[PDB]
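Chemist: Input: one structure, supplied below.
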Amino acid sequence: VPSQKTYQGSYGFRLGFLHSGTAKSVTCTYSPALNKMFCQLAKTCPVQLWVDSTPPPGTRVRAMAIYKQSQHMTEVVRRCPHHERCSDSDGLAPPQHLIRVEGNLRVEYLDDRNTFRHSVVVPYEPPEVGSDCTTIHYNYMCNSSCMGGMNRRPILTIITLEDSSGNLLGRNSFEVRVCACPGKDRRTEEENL
Ligand SMILES: [Zn+2]
C-alpha cells in the first residue's frame, strides 16, 4: 500500500482548491471540513500546488488513487469494465486509469511493474511570478457508484512531488467522490456535521 502520510517537506508543499460553493451547476467543489473533492465524471478538477519555495527544474508531480477503507486499500483503484471499454480515450491515457491530466502534452502515465498501481505524472511548472500557485487539471473517469469499479467505496487521491530521479519531496492527499451533482452531495455530506 502506497503511503498517504502528509509531508510538506523542504519546499512547504500544500494543496489548494477553488472555493466554488455548492450551487447545483458547479462541476467540481471542495469541502475543507471533510477534506473531500466532489466532482463530475470527465470534468475539469482543478487542484492547486502551493509551495513556500520553488522546487528545482525536473521536479515532477504524480497523482494516484487508493481506496480509503483499510479493508480495500490493497486493491488497485481502476476504472470499471464499462468505462475501461468506453470510447473516450484522449490518445494519451491508458483506458484502465481513473485519473487523467487534461491540457498537458507532457503528461506520463505509469502502470507500476511491481505494485500494478496506476498513476499520472506531469512536470512541475512554477507559478507565474505574482501568481501564487500552480494548477493541474485532473479528470476522474469513473463515478464513485460505478458497478464493478469503485462501487461506492471511497477513494483518496495522493499527490506527490518528486525529483527527477523519483525521490519523494512532498505528499498531500484528499478524499474524492465522483458524482452527478457535486454541489448537492457536498451540501448533504456537510449536513452530518
Ligand atoms: Zn465506471
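Within each chain, counting starts at residue 1; across the C-alpha cells, chains are named A, B, ... in the order shown, with ligands numbered 1 upward in that order.
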Please give the complete set of residues from segment 89-167 of chain A that DSSP, run on the backbone, assigns to strand (DSSP E or B), formatted as number ranges by chain.
Modeler: A: 99-101, 108-111, 118-123, 129, 131, 134-140, 155-162
Chemist: Please produce an output containing N, CA and C atoms for each residue in the selection, written as a compact mmCIF listing (two decimals), in the first residue's frame.
Modeler:
```
# COMPACT_ATOMS: atom_id res chain seq x y z
N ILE A 99 -7.51 8.38 -13.12
CA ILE A 99 -7.10 9.82 -13.09
C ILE A 99 -6.34 10.14 -14.37
N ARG A 100 -6.80 11.20 -15.06
CA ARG A 100 -6.14 11.79 -16.20
C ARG A 100 -5.74 13.25 -15.90
N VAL A 101 -4.73 13.76 -16.60
CA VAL A 101 -4.49 15.18 -16.64
C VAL A 101 -4.95 15.69 -18.04
N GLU A 108 2.56 11.85 -18.42
CA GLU A 108 3.16 10.49 -18.48
C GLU A 108 2.33 9.61 -17.56
N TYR A 109 1.90 8.46 -18.08
CA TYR A 109 1.14 7.52 -17.31
C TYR A 109 1.99 6.29 -16.97
N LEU A 110 1.80 5.75 -15.76
CA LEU A 110 2.53 4.64 -15.28
C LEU A 110 1.63 3.50 -14.76
N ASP A 111 1.93 2.28 -15.20
CA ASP A 111 1.43 1.04 -14.59
C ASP A 111 2.63 0.50 -13.84
N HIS A 118 -1.73 2.38 -10.81
CA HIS A 118 -1.72 3.37 -11.83
C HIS A 118 -1.33 4.68 -11.26
N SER A 119 -0.64 5.50 -12.04
CA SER A 119 -0.52 6.91 -11.63
C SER A 119 -0.26 7.78 -12.88
N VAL A 120 -0.42 9.09 -12.70
CA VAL A 120 -0.25 10.10 -13.76
C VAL A 120 0.66 11.17 -13.28
N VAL A 121 1.70 11.44 -14.06
CA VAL A 121 2.72 12.41 -13.67
C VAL A 121 2.92 13.50 -14.75
N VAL A 122 3.13 14.72 -14.28
CA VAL A 122 3.39 15.85 -15.15
C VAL A 122 4.64 16.53 -14.60
N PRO A 123 5.44 17.13 -15.48
CA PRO A 123 6.40 18.12 -14.94
C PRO A 123 5.78 19.24 -14.05
N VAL A 129 5.13 34.37 -12.02
CA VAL A 129 5.61 35.29 -10.96
C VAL A 129 4.53 36.40 -10.69
N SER A 131 1.58 35.35 -9.57
CA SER A 131 0.52 34.39 -9.26
C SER A 131 1.11 33.41 -8.33
N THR A 134 0.51 26.71 -8.61
CA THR A 134 0.48 26.02 -9.89
C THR A 134 -0.83 25.20 -9.91
N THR A 135 -1.59 25.23 -11.00
CA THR A 135 -2.81 24.48 -11.12
C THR A 135 -2.69 23.30 -12.08
N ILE A 136 -3.10 22.10 -11.66
CA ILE A 136 -3.16 20.96 -12.55
C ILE A 136 -4.65 20.63 -12.70
N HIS A 137 -5.09 20.34 -13.93
CA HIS A 137 -6.45 19.97 -14.23
C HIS A 137 -6.54 18.47 -14.36
N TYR A 138 -7.13 17.87 -13.35
CA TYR A 138 -7.38 16.46 -13.35
C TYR A 138 -8.77 16.12 -13.89
N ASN A 139 -8.92 14.91 -14.42
CA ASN A 139 -10.22 14.42 -14.80
C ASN A 139 -10.32 13.04 -14.15
N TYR A 140 -11.41 12.78 -13.43
CA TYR A 140 -11.72 11.47 -12.95
C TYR A 140 -12.75 10.79 -13.90
N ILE A 155 -12.47 6.77 -2.16
CA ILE A 155 -11.05 6.81 -2.54
C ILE A 155 -10.38 8.10 -2.10
N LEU A 156 -9.07 8.02 -1.98
CA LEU A 156 -8.23 9.16 -1.74
C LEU A 156 -7.47 9.36 -3.05
N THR A 157 -7.13 10.59 -3.35
CA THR A 157 -6.06 10.88 -4.30
C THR A 157 -4.86 11.32 -3.51
N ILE A 158 -3.70 10.77 -3.84
CA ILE A 158 -2.43 11.15 -3.22
C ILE A 158 -1.64 11.90 -4.25
N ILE A 159 -1.21 13.12 -3.87
CA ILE A 159 -0.37 13.93 -4.74
C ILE A 159 1.02 14.02 -4.17
N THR A 160 2.02 13.60 -4.96
CA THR A 160 3.37 13.66 -4.59
C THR A 160 4.18 14.55 -5.48
N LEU A 161 5.09 15.27 -4.84
CA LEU A 161 6.14 15.89 -5.60
C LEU A 161 7.37 15.05 -5.48
N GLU A 162 8.05 14.88 -6.58
CA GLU A 162 9.23 14.07 -6.62
C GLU A 162 10.24 14.76 -7.47
```
Chemist: Let me have all residues with an atom within 8 Å of ligand 1, counting only C-alpha atoms and all ligand atoms, laid out as a ChimeraX atom specification.
Modeler: /A:79-84,141-150
Chemist: From the list A:40, A:9, A:61, A:72, which residue is nearest residue 169 of chain A when using only C-alpha atoms?
Modeler: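 Looking only at the distances to residue 169 of chain A, the closest residue turns out to be A:9.
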Chemist: Hey, what's within 10 Å of residue 16 of chain A if we count only C-alpha atoms and toss same-chain stuff fewer than 4 positions away? As a list in words, please?
Modeler: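 Near neighbours after the sequence-gap exclusion: residues 30, 32, 46, 47, 48, 49, 50, 133, 134 and 135 of chain A.
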Chemist: Report, in Å to a single decimal, how far apart atom CA of residue 62 of chain A and atom CA of residue 167 of chain A are.
Modeler: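 Here the two named atoms are 11.7 Å from each other.
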